[PDB]
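Q: If you scroll down you'll find the structure; I have some questions about it.
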Amino acid sequence: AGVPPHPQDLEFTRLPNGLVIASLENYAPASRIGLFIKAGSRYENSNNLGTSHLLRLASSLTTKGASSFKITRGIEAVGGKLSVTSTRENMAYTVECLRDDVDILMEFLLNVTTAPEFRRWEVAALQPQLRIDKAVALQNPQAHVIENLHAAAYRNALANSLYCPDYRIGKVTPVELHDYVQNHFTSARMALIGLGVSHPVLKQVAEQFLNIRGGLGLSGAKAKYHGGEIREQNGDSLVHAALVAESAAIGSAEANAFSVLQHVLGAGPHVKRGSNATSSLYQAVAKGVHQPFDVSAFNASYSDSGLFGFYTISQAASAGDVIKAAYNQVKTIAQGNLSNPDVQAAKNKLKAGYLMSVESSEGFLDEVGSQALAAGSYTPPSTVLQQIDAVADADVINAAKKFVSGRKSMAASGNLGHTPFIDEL
Amino acid sequence: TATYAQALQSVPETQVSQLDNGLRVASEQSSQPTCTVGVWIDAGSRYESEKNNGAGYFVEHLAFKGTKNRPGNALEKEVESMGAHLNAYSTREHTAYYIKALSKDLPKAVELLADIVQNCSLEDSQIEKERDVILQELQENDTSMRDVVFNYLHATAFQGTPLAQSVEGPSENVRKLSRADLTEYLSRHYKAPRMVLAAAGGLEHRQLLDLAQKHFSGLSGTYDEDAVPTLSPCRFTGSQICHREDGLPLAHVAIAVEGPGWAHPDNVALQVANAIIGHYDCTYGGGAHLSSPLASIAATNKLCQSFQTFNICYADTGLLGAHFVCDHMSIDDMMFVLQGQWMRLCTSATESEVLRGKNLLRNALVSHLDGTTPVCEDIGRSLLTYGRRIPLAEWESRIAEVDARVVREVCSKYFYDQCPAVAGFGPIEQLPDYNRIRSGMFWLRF
Amino acid sequence: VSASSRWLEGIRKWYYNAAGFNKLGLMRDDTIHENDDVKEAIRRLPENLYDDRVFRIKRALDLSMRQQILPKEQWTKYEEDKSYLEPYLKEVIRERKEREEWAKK
Amino acid sequence: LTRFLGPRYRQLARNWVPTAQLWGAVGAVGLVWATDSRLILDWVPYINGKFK
Amino acid sequence: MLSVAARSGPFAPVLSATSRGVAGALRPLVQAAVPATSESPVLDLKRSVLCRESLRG
């Protein structure tokens, strides 16, 4: 019969030094290993902005056990990949190859993260890549908006910039990278996640090569929410705008309520070229707006804070109408105009969406790593779906209530002549 | 321990079953809570005449906007409410409709797919609304230099054959296509022996075959007979299309020789050589230390913003070569360095680099088949192009076979001393004259 | 450590003095022929060493031109001839040799 | 000198050997024809016509 | 449910040795190209979309 082998369970281990090890023997032809580090942009301070961006770009530079040339050639010889994926909180060094080649890629992985050299000339040669890297990202109008959104919202850590500030390009020093690694790439801030690897092997390498102390402690300086608005006169045909208030920290019951509210109002599309009939915000705007537009519920959760609200793309003149329609739509949920089937639909969208998000090993590994860092545990899909179910309709209304009444953060770019200030909402 | 060869055996067999009307029903059962179900139709733009070149694309725009059993909003609402994602695409040879859904929602997903495939309510008010949407998309596609150059490459290579046509069709055909034009195409093309109901995820095969008899039966009674439409081969021409535009910041070049087509065993060997040359992008970390000679020289001498190799496959034909985007002053060097690489490989390929190309491919093939949407796509497409699902162990077997002698023989068969199809767009004053490109297709030393 | 190893060191000090680049204020590494490994090592030097190197070369070319030599006290002493290029040049050759070992398989 | 000694180079030599052989044939027959080198040309049937 | 992708919102940059540079998670644009007038920014000193490591057999 065309049946698969019975699926193995994830093996999870908290080492006494704080380090987390997780692995799943999925019997896949290829393997995937990630070192997830509590070293994202939020741990930069005003004296060293952009250091974690240069570091992100630096994964291919000379290490003690492998030269720059060796890392590139050795990985390509086996058709492997080495990727470093930063967020505002995390840095994830993910390695990928066929299962016979794990040992080679592990050694490369360990060298990049635990024995980088940041050679003076090698680092100087790489600085121009910050300009190239930023330019390519910043050609999405969304990138600069969500960058400005965070700078407006927080006074503190999450305010940090993800891409290196222009004035710091060519200015981030080898010592700054050395200091960033020494005090963020430590055992208690780390998690080693394996796919297509046995737990005794991952536990072995963690106990041998990942026992690093002498860094910083908690999840940094507690991210202080402030609020405010950043405005960018652009001449960019359409106006991109994001309205946001403080929501919930990831993992909390309230966080789940915000995720359900996000799906009530409307996240991404579901049908290729669709009117988005179940999208509450989209229908609310479309009633009053007839030109090209887009609107979506924005939901960002972090370790010690969150940002919930909405994001709009509209014609410059239509900007005020789109934001006001969108805001008023949230206001009706806050007032209590939300049905039980409405929430049920959102629940199914969130449940299935999450399940779809961990379908691939790329998505599964990223989730286990983020979990290991945020929670210190692994939470199976069946129980995540249980937590989603636990959200009452009142909790969704209260999440809306919290947004409507909380100090706002705004970021907008384009021809802002008709884009409203917070003042005027 | 579980070795890589052992792990290829572990992936379950794709179960293929045929319905009485000609509908092929194929599944790859896995452990996942979700799935991807879809219908793959052997229909594109190659199947279209000059007078109905926008048809498949027009039907694609209408397929989700309402059926006879589910009018207007109804399909959107039903799919959205269960958390499912509904998608479609049309290429020159294949049209696909597929649902990403929970495995317990497989009964509904199959049912909805049947409605889209068989009962598309091509509403007169909607086909009028869709023509403004497609026209806008044409204006949208013009701004994508990449989409343009490849469309030009097909237009010049497949000169005066069905394959020269784009999926979208010309502006004239979009504004002129009637309701009758689309139903005529649908009745001619959306017939069971040209459809595969493919699925991947937490589903039993018996569940899927039941549903196909439950929802797809009713395409028999009596079928085909009067109009049997088999594809005629498409003549490839060594030719050049040069759209000079000095107002665009960077030049786009797509250069290709005639490839053999889907079925040919030496597509594997061509792909290994295409891996050796590989692809580049200005955001790649590798720089000067990159394995690939073209990639390494391109990074060092800042010779482009990107390049990519390709092996575009059609029935009995295809396009094989490279595309790149570069500064106005860098087109000549880029052509030289690429052409020299084709020739190096044609005459003097080496054991080591060929193993790397084999390894990149093994990795490309396994990394691609990750999750229900890629596997379901691979089931639908393979059944149309190969007739069976080629198991990963067999792909490995066919990859493992390719030594240096294979690469240089197979490369020579297609690359050595052949006329390329050249498509150029943007600031292309420095783009080599065709004769010179033709001259770079052979070595005087060899 | 040894009587005859002190003699190899005294014959080396003899040759050093006979070579006479120290008479032009030069260090040994100033006098190296500029190949590709060497060019890269100069390129890899820190600011302070490169600037000193430039001045020492400048000074010696000036003396060479006017056919002069430095006063005896200002000659580079064999004992204090700092081999500043050594670790840089050794690393460049190390890197080249690896590339060459790789280009072999 | 020592850098060109390895498996790839042995492959690279083997790859260019029929070519370098055929260029030798081009050079030889080329030299033979251009000088009218009688020693070699006495062996070939139609070119033989130079009866002393 | 603890992830940037699984909560779909805040931005996530990706660099690698062999694969193209990636930017960000969720906010609208996919339902903005359906009301089609979104011309999509030119190749003005720029990389390539869709990546490349999905090549069929």
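Q: Take every DSSP beta bridge with both residues inside the protein assembly as shown and express the antiparallel ones as a percent of the total, to the nearest 5. Before the final figure, lay out the partial values.
A: Values: 106 of 130 bridges.
Percentage antiparallel, nearest 5: 80.
Q: Follow-up. Note down the nm distance, to one decimal, between modelled labels 7 Å out along Cα→Cβ at C:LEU63 and at B:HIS328.
A: My value for the distance between the label points is 5.3 nm.
Q: Once you've got the Cα coordinates, tell me which of A:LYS224/A:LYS351; A:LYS81/A:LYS134; C:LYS13/C:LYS90; A:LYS324/A:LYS408 are over 26 Å apart. Don't skip to the answer; put the middle values down first.
A: Numbers: A:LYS224/A:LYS351 31 Å; A:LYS81/A:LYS134 22 Å; C:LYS13/C:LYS90 24 Å; A:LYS324/A:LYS408 14 Å.
In this structure, A:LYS224/A:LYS351 exceed 26 Å between Cα atoms.
Q: For the stretch B:239-442, what number results from the quotient of the Cα radius of gyration and 2.2 N^0.38 Å?
A: Working: Rg = 17.3 Å, N = 204, 2.2 N^0.38 = 16.6 Å.
Taking N as the residue count of the stretch B:239-442, the ratio is 1.04.
Q: For A:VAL201, project a label point 7 Å along Cα to C-beta. Then give me every residue of the stretch A:15-35 with its amide nitrogen under 20 Å of that point.
A: A:20-35
Q: Quick one: of A:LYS70/C:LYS105; A:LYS38/A:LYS203; A:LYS38/B:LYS358, which pairs are farther than 25 Å apart, Cα to Cα? Can you show the working numbers first?
A: Numbers: A:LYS70/C:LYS105 14 Å; A:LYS38/A:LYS203 20 Å; A:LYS38/B:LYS358 37 Å.
Going by Cα-Cα distance, A:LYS38/B:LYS358 fall outside the 25 Å limit.
Q: Sticking with this structure for a sec: If the only charges are +1 at each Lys and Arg Cβ and -1 at each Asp and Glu Cβ, what is the size of the charge dipole of chain D around the Cα centre, to the nearest 20 debye? Display every interim value, and only then the final one.
A: Working: 7 positive and 2 negative charges, 59 e Å.
Using only the charged Cβ atoms, the result is roughly 280 debye.
Q: Largest first and in whole Å, what are the equivalent-ellipsoid semi-axes of the stretch B:341-446 based on the Cα gyration tensor, each being the root of 5 times an eigenvalue?
A: Values: eigenvalues 211, 86, 33 Å².
Semi-axis lengths for the stretch B:341-446 are 32, 21, 13 Å.
Q: What's the long-distance tail for chain E, i.e. % of Cα pairs beyond 16 Å? Mind showing how you got there, number by number?
A: On the way: 1017 of 1596 pairs.
Considering chain E, 64 percent of its Cα-Cα pairs are separated by more than 16 Å.
Q: Moving on. Take the alpha carbon atoms of the stretch A:146-192, find their center, do the same for the stretch A:29-70, and report the distance between the two centers in whole angstrom.
A: Cα centroid of the stretch A:146-192 versus Cα centroid of the stretch A:29-70: 11 Å apart.
Q: Now for a different question. Towards the positive end of the charge dipole of the protein assembly as shown, with charges on Cβ (+1 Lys, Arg; -1 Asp, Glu), say which of D:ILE40, B:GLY340, B:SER412 has the farthest Cα.
A: D:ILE40
Q: Could you please tell me the mean projected area of the C-alpha convex hull for the stretch A:364-409, averaged over all directions and given in square nanometres to one decimal?
A: Values: hull surface 19.4 nm².
Answer in nm², one decimal: 4.8.
Q: Shifting gears a bit: Quick one: net charge of A:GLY266's neighbours, Cβ under 11 Å, K/R +1, D/E -1? All intermediate terms of the calculation are to be shown ahead of the outcome.
A: Details: positive: A:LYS349; negative: A:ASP294, B:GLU80.
Net local charge, A:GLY266 excluded: -1.
Q: Over the stretch A:321-425, with a single point scatterer placed on each C-alpha, what log10 of the ratio I(q)/I(0) does the Debye formula yield at q = 0.14, 0.20, 0.22, 0.23 1/Å?
A: One equal scatterer on each Cα of the stretch A:321-425 leads to -0.82, -1.04, -1.09, -1.13.
Q: On to the next question. Please report how many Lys pairs in the stretch B:69-201 have alpha carbons closer than 17 angstrom, counting only residues at least 8 apart along the chain or sitting on separate chains.
A: Details: B:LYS77/B:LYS100; B:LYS77/B:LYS108; B:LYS100/B:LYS108; B:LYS129/B:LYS176.
Going through the stretch B:69-201 pair by pair, I get 4.
Q: When you have a sec, figure out the Kirkwood radius of the stretch B:14-228 from all distinct Cα pair distances and drop it here in Å to one decimal? Let's see the in-between values first.
A: Details: mean 1/r = 0.0549 Å⁻¹.
The answer is 18.2 Å.
Q: Beyond 23 Å, what percent of the Cα pairs of chain C remain?
A: On the way: 2301 of 5460 pairs.
When all Cα pairs of chain C are counted, 42 percent exceed 23 Å.
Q: For the stretch A:223-262, max minus min Cα coordinate along each principal axis, in Å, sorted largest first?
A: 42, 24, 11
Q: For the stretch B:275-315, place one equal point scatterer on every Cα, skip the solvent, and apply the Debye formula. What is log10 of I(q)/I(0) at q = 0.18, 0.30, 0.31 Å⁻¹?
A: Summing over Cα pairs of the stretch B:275-315 leads to -0.46, -1.05, -1.11.
Q: Using just the helices of the protein assembly as shown, give the 222 nm mean residue ellipticity in deg cm²/dmol: DSSP H runs with n ≥ 4 each add -39,500 (n - 2.57), and the total is spread over all residues, rounded to 500.
A: Helices in the protein assembly as shown give a 222 nm mean residue ellipticity of -13000 deg cm²/dmol.
Q: With θ set to phi - 60° and the Karplus curve 6.51 cos²θ - 1.76 cosθ + 1.60, what are the ³J(HN,Hα) couplings of the stretch C:41-58 in order, to the nearest whole Hz, using x for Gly and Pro?
A: 4, 4, 4, 6, 5, x, 4, 5, 6, 4, 5, 5, 3, 3, 5, 4, 4, 4
Q: To continue, here is another question. Only four residue types carry charge here, +1 at the Cβ of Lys and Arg and -1 at the Cβ of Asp and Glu. Report the dipole size of the stretch B:239-442 about the Cα centre in Debye, rounded to the nearest 20.
A: On the way: 15 positive and 22 negative charges, 66 e Å.
The calculated dipole for the stretch B:239-442 is roughly 320 debye.
Q: Another one. Based on alpha-carbon positions alone, could you give the equivalent ellipsoid semi-axes of chain A from the gyration tensor, as √(5λ), descending, whole Å? Before the final figure, lay out each step's value.
A: On the way: eigenvalues 291, 149, 75 Å².
Each semi-axis is √(5λ); the values are 38, 27, 19 Å.
Q: For A:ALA245, what residues show an amide H to amide H distance below 5 Å, using hydrogens built from the backbone and excluding near sequence neighbours?
A: Residues meeting the amide H criterion: A:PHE308, A:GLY309, A:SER409.
Q: What whole-number distance in Å separates the alpha-carbon centres of the stretch B:417-446 and the stretch B:366-409?
A: 32
Q: For an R0 of 35 angstrom, estimate the FRET efficiency from the Cβ-Cβ distance between A:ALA253 and A:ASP9 and round to the nearest 0.05. Kindly include the intermediate steps, with their values, before the conclusion.
A: Numbers: r = 26 Å, r/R0 = 0.75.
According to the calculation, E is roughly 0.85.
Q: Could you give the angle, 0 to 90 degrees to the nearest 10, between helix A:319-335's Cα long axis and the longest principal axis of the Cα atoms of chain A?
A: Helix A:319-335 sits roughly 90 degrees off the main axis of chain A.
Q: Please give, to one decimal in nm, the separation of the simple spin-label points placed at E:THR37 and B:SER10, each 7 Å out from Cα toward the Cβ.
A: Computed distance between label sites E:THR37 and B:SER10 equals 5.3 nm.
Q: Give the distance, in whole Å, between the Cα centre of the stretch B:46-94 and the Cα centre of the stretch A:237-314.
A: The distance from the Cα centre of the stretch B:46-94 to that of the stretch A:237-314 comes to 26 Å.
Q: Any idea what diffusion coefficient the protein assembly as shown gets from Stokes-Einstein, in µm²/s, Kirkwood Rh on alpha carbon pairs, 37 °C, 0.692 mPa s?
A: Details: Rh = 32.3 Å.
Approximately 102 µm²/s, per Stokes-Einstein.
Q: Also, I was wondering about something else. Among A:413-421, C:33-41, what's the highest-first ranking by average C-beta atoms within 10 angstrom per residue?
A: Numbers: A:413-421: 18.2, C:33-41: 13.2.
In descending order of packing, they fall as A:413-421, C:33-41.
Q: So if the hydrodynamic radius of the stretch A:129-216 is defined as the Kirkwood radius over C-alpha pairs, what does Stokes-Einstein give as its diffusion coefficient at 37 °C and 0.692 mPa s, in µm² per second?
A: On the way: Rh = 16.2 Å.
Diffusion coefficient, whole number: 202 µm²/s.
Q: Identify the GluC sites (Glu not before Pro) of the stretch B:189-273 meeting these criteria: DSSP loop state and at most 12 other C-beta atoms within 10 Å of the C-beta. Please list the in-between numbers first.
A: Details: sites: B:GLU204, B:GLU225, B:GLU245, B:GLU258; in loops: B:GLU204, B:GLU225, B:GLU245.
Passing both the DSSP loop test and the Cβ count: B:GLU225.
Q: Using a Förster distance of 60 angstrom, determine the FRET efficiency expected from the C-beta separation of A:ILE422 and B:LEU231, and round it to 0.05. Let's see the in-between values first.
A: On the way: r = 61 Å, r/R0 = 1.01.
The computed FRET efficiency comes out at 0.50.
Q: Mind checking the angle between helix A:361-374 and chain A's longest principal axis? C-alpha axes, 0 to 90 degrees, to the nearest 10.
A: 90
Q: Please list, or write none, the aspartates and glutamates whose alpha carbon is within less than 15 Å of the alpha carbon of A:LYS64, excluding same-chain residues fewer than 8 places away.
A: A:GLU107, A:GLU117, A:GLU122, C:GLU91, C:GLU95, C:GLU98
Q: How well do other chains shield peptide A:358-368, expressed as the mean number of their Cβ atoms within 10 Å of each residue Cβ? Present the calculation step by step, with values, prior to reporting the outcome.
A: Values: counts 8, 14, 7, 4, 4, 5, 2, 0, 5, 5, 2.
Across A:358-368, the average partner-chain Cβ count within 10 Å equals 5.
Q: I've got another one for you. Per-residue mean of other chain beta-carbon atoms within 10 angstrom of the beta-carbon, peptide B:345-357?
A: Working: counts 0, 0, 3, 7, 3, 9, 5, 9, 4, 1, 4, 5, 1.
If you average over the peptide's residues, the count of other-chain Cβ atoms is 4.
Q: In degrees, nearest 10, range 0 to 90: what is the angle between the Cα axis of helix B:351-368 and the longest Cα principal axis of chain B?
A: Between helix and principal axis, roughly 20 degrees.
Q: Among B:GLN139, B:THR372, B:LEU122, flag the residue with its Cα farthest along the positive direction of the charge dipole of chain B, charges on Cβ as +1 for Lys/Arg and -1 for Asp/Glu.
A: Farthest towards the positive end: B:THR372.
Q: Just flag the trypsin sites (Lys or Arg not before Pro) in the stretch B:32-77 sitting in loop per DSSP whose Cβ has no more than 11 other Cβ atoms within 10 Å.
A: On the way: sites: B:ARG46, B:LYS51, B:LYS65, B:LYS68, B:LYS77; in loops: B:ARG46, B:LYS65, B:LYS68.
Sites meeting the loop and neighbour criteria: B:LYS68.
Q: Still on this structure: So what are the three principal axis dimensions of the stretch A:263-352 from its Cα atoms, in whole Å, longest to shortest?
A: The Cα atoms of the stretch A:263-352 stretch 36, 31, 29 Å along their principal axes.
Q: Also: Hey, could you pull the Cα Rg and Dmax for chain B, both in Å?
A: 23.2, 69
Q: Something else about it: Mind checking the mean number of beta-carbon atoms from other chains within 10 Å of the Cβ atoms in A:290-302?
A: Values: counts 1, 2, 8, 4, 10, 3, 9, 5, 6, 7, 9, 8, 3.
Shielding by partners across A:290-302 averages 6.
Q: State to the nearest 20 debye the size of the charge dipole of the stretch A:71-219 about its Cα centre, where the only charges are +1 on K and R beta carbons and -1 on D and E beta carbons.
A: 440
For neighbour counting, all protein chains shown are included, and Cβ atoms are generated from backbone atoms with ideal geometry for every residue, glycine included. Laboratory data are not the source of any read-out in this text; all were calculated from the coordinates shown.
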